[PDB]
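Structure assessment
Each chain is listed here by its residues.
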Amino acid sequence: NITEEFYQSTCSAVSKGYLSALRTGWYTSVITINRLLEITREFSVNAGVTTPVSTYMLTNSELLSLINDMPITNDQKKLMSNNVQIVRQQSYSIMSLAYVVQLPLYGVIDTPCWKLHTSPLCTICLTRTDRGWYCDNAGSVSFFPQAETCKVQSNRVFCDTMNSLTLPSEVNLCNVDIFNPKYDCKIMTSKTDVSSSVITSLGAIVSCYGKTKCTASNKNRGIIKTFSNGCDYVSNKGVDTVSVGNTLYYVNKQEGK
Amino acid sequence: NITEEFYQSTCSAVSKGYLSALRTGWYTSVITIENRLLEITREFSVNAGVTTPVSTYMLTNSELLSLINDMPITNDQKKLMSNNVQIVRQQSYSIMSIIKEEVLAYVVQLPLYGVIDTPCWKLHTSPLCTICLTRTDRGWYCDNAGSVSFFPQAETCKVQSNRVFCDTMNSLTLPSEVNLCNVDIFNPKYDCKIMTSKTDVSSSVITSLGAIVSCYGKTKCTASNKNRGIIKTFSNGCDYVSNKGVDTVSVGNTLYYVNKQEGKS
Amino acid sequence: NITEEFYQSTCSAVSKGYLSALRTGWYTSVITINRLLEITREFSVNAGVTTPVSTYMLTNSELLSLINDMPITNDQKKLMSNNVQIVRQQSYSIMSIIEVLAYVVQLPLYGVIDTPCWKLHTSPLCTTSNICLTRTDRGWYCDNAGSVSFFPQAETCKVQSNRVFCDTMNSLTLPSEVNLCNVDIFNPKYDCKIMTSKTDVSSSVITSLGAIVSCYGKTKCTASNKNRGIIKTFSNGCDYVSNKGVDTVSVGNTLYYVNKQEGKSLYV
């Protein structure tokens, strides 16, 4: 269900097909008491505040029981129930044996999200500067600039709205045209050639300029492409590595023994 | 007394009343050991020789107060750290040393606060439309030797009650005139950082003691109470809600929760 | 081998002499299994994903064995072998499905090595109604296939001795002409990023081998030695101090510590 589109005119790639869950609240629960030994160790090691929330601190069934108590839709309950791993990673446990457990509440769910990657475009060079995750919100778009804040599992993304930036939909036009009149796209500029590569979700972007030699290879077939002056995109189905000068980039994870 | 002031003219809220402690140094101490040893060994194996926070196994409550007493600082400083060992541990590191022949040696690293008891405030912001503007520099501010230190990454400051503890390592220094941006974005004494839009935008932001709601264009925004129900239907404006009288806010189909929701005990 | 240059004209300092290793890939390995107890605890505490990769999860020798399997040069293998601590810190371990316990270990592959890196620190510079400027792009820079990779988040780079290990995931690519911003902020070959003020500002910044002190307006700033007390009183300007000769700096009532302060030892 996940796709990636490449836009040569702006030297940027967009990974689409994700579905959202945006944290807009917290649900708290007070808890009192072999298992006690593990809880005690955790709090001693982390000075009274832990994350993720471990199974010792809260068991798989106790968690589902709390999910059921939460004041939310059934589709929401169902979604959290299938992603306890992420839910735990976005939760906190705080000592006050008494301690308080703190779980996320998702204000909105099943909205489109996409991730944006960018590379230099030269003729002078321009690079778009607003990389990261975007999600549709209440008719606008929430943008999440810090990579830490969004967790992905298959086609589901879970983001924290605490430090998000709200933007109009017209930002999408920057993908096609950097000089568009409806929104002022953020860019960075240079007066000299620059070459590099960026690994994206389903491939890689290669910006190759000036005298630099750039090549792409396959583990079995060796060198399959030599690039010249341009901005190009390569699929992870047909390419395993990219080379920019003497720097080697790996498009796929390299499976070991 | 912690308070929150809302400023409609800039669509921003400021949480005030905090008192500061800014880390400007480190105090180190070498520790040797010939049950507790088992826990220390595990910690270092799991964290590849460097840990934070500093656990009670690595350094006991009384050993810690003893070190706080050794540190070259004021008594009010000593008193402050003594009442906040939890935070102090969270801002400290423990580093394993060489593989000795007959002992386990490691170094413990504790914060030294270069200044204390200065005012801090936290700034939240939401979009203001008339074309829209949003102020950009959210986060913690603290007074510092006649200027203001600004801490843009939320991770860097720890709060407990009315005390804040921040790390000066990656701070930005600014003049006091930055306060004037709260009331007037177009003031002549300082260039307030803003982000702009040519189209309507709607959103909400949860603050410390409430929430801000920016509602523009065709979007429906409402605020509700548990008891009662819908109190307020908003139209085109920037409004603030107190967490004493409102529990939830709705922007289009997105629901925001102003209070933490208390669950089964 | 490691030096630091101060540039008064820009109120900035550059630490040089480091050598690079830039992560551009991952090497994965599937693993099946007293030791089992520790592994189980780690996954229960961290909800199935851990970093760093512990000795329980992967032993010192198993690690070197994997380093030997990796498709890379010998100098690379030699470098990682001397820095297992860092390698573990940059690696992940992820549990799978289901005494029959499977998990995947994830190690960095360094696309390039032994290139120069430097770190950039900056402080406010004020002049003339006063105007004041601060350069905004602090952090690590490394040479990379004829250009320069910049790493703005401090988290991403780990240092040990004169070696730096950085993650290219969130890097920004820049031309070499950025170096000219060290000497001249208003240079014509590159547009240096700056932040501005219309009022005086004073502060200090601790660098790798010293500290920078920006002292302006009515503020009093001093520098001291433990063995000699006050050795300098500053006036309106931007100055640098070496950590060999100075231990503390004072800006108004705020005290900064240039060196780590050695304390009392304990025994158990």
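Structure determination for this PDB entry is given in the record as X-ray crystallography, at a resolution of 2.65 Å.

**Remarks on the interface of chain C and chain B**
Each partner contributes to the interface: chain C provides 40 residues, whereas chain B provides 45 residues. For the side of chain C that touches chain B, the elements supplying multiple residues, two or more each, are α1 (35–45), α4 (84–89), β13 (194–197), β14 (203–206), β20 (254–257), β21 (261–262) and β22 (266–267) of chain C. No other element matches β20 of chain C, which puts four residues into the side of chain C that touches chain B. Residue composition of the side of chain C that touches chain B, grouped by class: 14 nonpolar, 16 polar and 10 charged. Direction of pairing for strand β2 (residues 12–33) of chain B relative to β22 of chain C: parallel, over a ladder of two bridges. In the strand pairing of β22 of chain C, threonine 32 of chain B is matched with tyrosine 267 of chain C.

**Some details on the environment of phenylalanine 165 of chain B**
Among the secondary structure elements, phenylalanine 165 of chain B is positioned in strand β11 (residues 163–167). Not counting chain neighbours up to four residues away, the residues in contact with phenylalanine 165 of chain B comprise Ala21, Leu80, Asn84, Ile87, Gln91, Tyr113, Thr156, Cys157 and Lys158 of chain B.

**Comments concerning the interface of chain A and chain C**
Taken together, the contact pairs 34 residues of chain A with 39 residues of chain C. For the pair chain A and chain C, the summed buried surface comes to about 2900 Å²; carbon and sulfur atoms form 51% of the total. It is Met188, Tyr250 and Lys257 of chain A that lose the most area in chain A upon contact with chain C, and together they represent 21% of the buried surface on that side. Joining chain A to chain C, the criterion identifies one salt bridge.

**Observations concerning the sheet that holds strand β19 (residues 241–244) of chain A**
Residues and elements named next belong to chain A. A sheet is described by the order of its strands in space; here four strands give the open sequence β17-β16-β19-β20, paired in antiparallel fashion. The open sheet has two edge strands with one neighbour each: β17 (222–227) and β20 (247–250). Adjacent strand axes in the sheet meet at a mean angle of 25 degrees when their direction is disregarded.

**Considerations on the packing of aromatic side chains**
This model, assessed by the stated rule, comprises 21 aromatic pairs over all chains. Residues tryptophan 26 of chain C and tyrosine 92 of chain C carry aromatic rings whose centres are separated by 6.0 Å and whose planes lie at 65 degrees to one another, so their mutual orientation is edge-to-face. Assessed through its relative accessible area of 17%, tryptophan 26 of chain C is described here as buried. Through successive ring pairs, a cluster of aromatic residues spans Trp114, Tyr134 and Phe143 of chain A. The side chain of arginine 23 of chain B reaches across the aromatic face of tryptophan 26 of chain B, ending 4.0 Å from its centre. One cation-aromatic arrangement involves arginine 23 of chain C over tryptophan 26 of chain C; the distance from NZ or CZ to the ring centre is 4.0 Å.

**Some thoughts on the nonpolar core**
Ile40, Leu59, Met71, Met81, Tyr106 and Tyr113 of chain B are the most contacted members of the largest nonpolar core, which totals 30 residues. Elements that contribute at least two residues to this core include exactly β2, α1 (36–46), α2 (61–70), α3 (75–82), α4 (85–90) and β5 (104–125) of chain B. It is β5 of chain B that provides the largest number of residues to this core, a total of seven residues. Counting residues in each nonpolar core, the second largest holds 27 residues, with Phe43, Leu101, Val105 and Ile113 of chain C among its members.

**Quick notes on the packing of α2 of chain B against α3 of chain B**
All names here are of chain B. Taken N-terminus to C-terminus, the directions of α2 and α3 make an angle of 160 degrees; their axes are 9 Å apart at the nearest point. When the axis of α2 is compared with that of α3, the two are roughly antiparallel. The two elements α2 and α3 cross, and the hand of that crossing is right-handed. Every residue of α3 that contacts α2 at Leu65, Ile68 and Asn69 is listed here: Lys78, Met81 and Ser82. Residues of the contact of α2 with α3, tallied by class, amount to three nonpolar, two polar and one charged.

**Considering the sheet that holds strand β13 (residues 187–190) of chain A**
Spatial ordering of the open sheet is given by β6-β7-β13 (chain A), a layout of three strands whose pairing is antiparallel. Taken across any chain shown, the strands that pair with only one partner, and hence form the sheet edges, are β6 (121–122) and β13 of chain A.

**Describing α1 of chain C**
The complete set of buried residues in α1 of chain C reads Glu38, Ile39, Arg41, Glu42, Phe43 and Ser44 of chain C. Tucked inside the fold, the buried residues of α1 of chain C contact α1 (35–45) of chain A, α1 of chain B together with β3 (49–50), β4 (92–95) and β5 (102–122) of chain C. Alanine 47 of chain C sits one or two positions beyond α1 of chain C and adopts a positive phi of about 50 degrees.

**Some remarks on the pattern of salt bridges**
Tallied over the full model, the rule gives 21 salt bridges over all chains. Here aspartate 110 of chain A makes a salt bridge to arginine 156 of chain A, at a shortest N to O gap of 2.8 Å. With a closest N to O distance of 3.7 Å, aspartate 137 of chain C and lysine 193 of chain C form a salt bridge. Residue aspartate 137 of chain C is located in the loop between β7 (132–135) and β8 (139–144), and its partner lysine 193 of chain C is located in the loop between β12 (172–174) and β13; the two are separated by 56 residues in the primary sequence. Since its relative accessible area comes to 21%, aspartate 137 of chain C is described here as partly exposed. The partly exposed category is assigned to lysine 193 of chain C, whose relative accessible area is 36%. What you see here is one network of salt bridges that share partners, running through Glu38 and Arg41 of chain A, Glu39 and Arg42 of chain B together with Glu38 and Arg41 of chain C.

**What to know about a nonpolar patch on the surface**
Residue and element names in this part refer to chain A. Judged by side-chain polarity, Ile33, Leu36, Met95 and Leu97 come together as a nonpolar surface patch covering roughly 350 Å² of accessible area. Topologically, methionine 95 is positioned in strand β4 (residues 92–95). Given a relative accessible area of 33%, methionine 95 falls into the partly exposed group.

So, how was this worked out
- Residues numbered from 1 in each chain as written, not as in the entry; some residues may be left out.
- Chains lettered and ligands numbered in written order.
- Heavy atoms only, no water.
- Residues with missing side-chain atoms left out of burial classes, pairs and counts.
- Contact = heavy atoms within 4.5 Å.
- Helix = DSSP H or I, 4+ residues; strand = E, 2+ residues; numbered from the N terminus.
- Nonpolar A, V, L, I, M, F, W, Y, C, P; charged D, E, K, R; others polar.
- Pairing = 2+ DSSP bridges.
- Buried area = accessible area lost by both parts, 1.4 Å probe.
- Salt bridge = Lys/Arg side-chain N within 4 Å of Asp/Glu carboxyl O.
- Axes fitted to C-alpha atoms, helices over the stretch in contact; angles between N-to-C directions.
- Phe/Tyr/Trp six-rings, centres within 6.5 Å; stacked < 30°, edge-to-face > 60°.
- Buried < 20%, exposed > 50% of the residue type's maximum accessible area, 1.4 Å probe, protein only.
- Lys NZ or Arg CZ within 6 Å of the ring centre and 35° of its normal.
- Core = buried A, V, L, I, M, F, W, Y, C linked by side-chain atoms within 4.5 Å.
- Parallel < 35°, antiparallel > 145°, perpendicular 65-115°, else oblique.
- Left-handed = near helix turned anticlockwise from the far one by under 90°.
- Patch = residues over 30% accessible without salt bridge, like charges linked within 9 Å, V, L, I, M, F, W, Y side chains within 5 Å.
- Areas by Shrake-Rupley, 256 points an atom, 1.4 Å probe, with all protein chains shown as cover.

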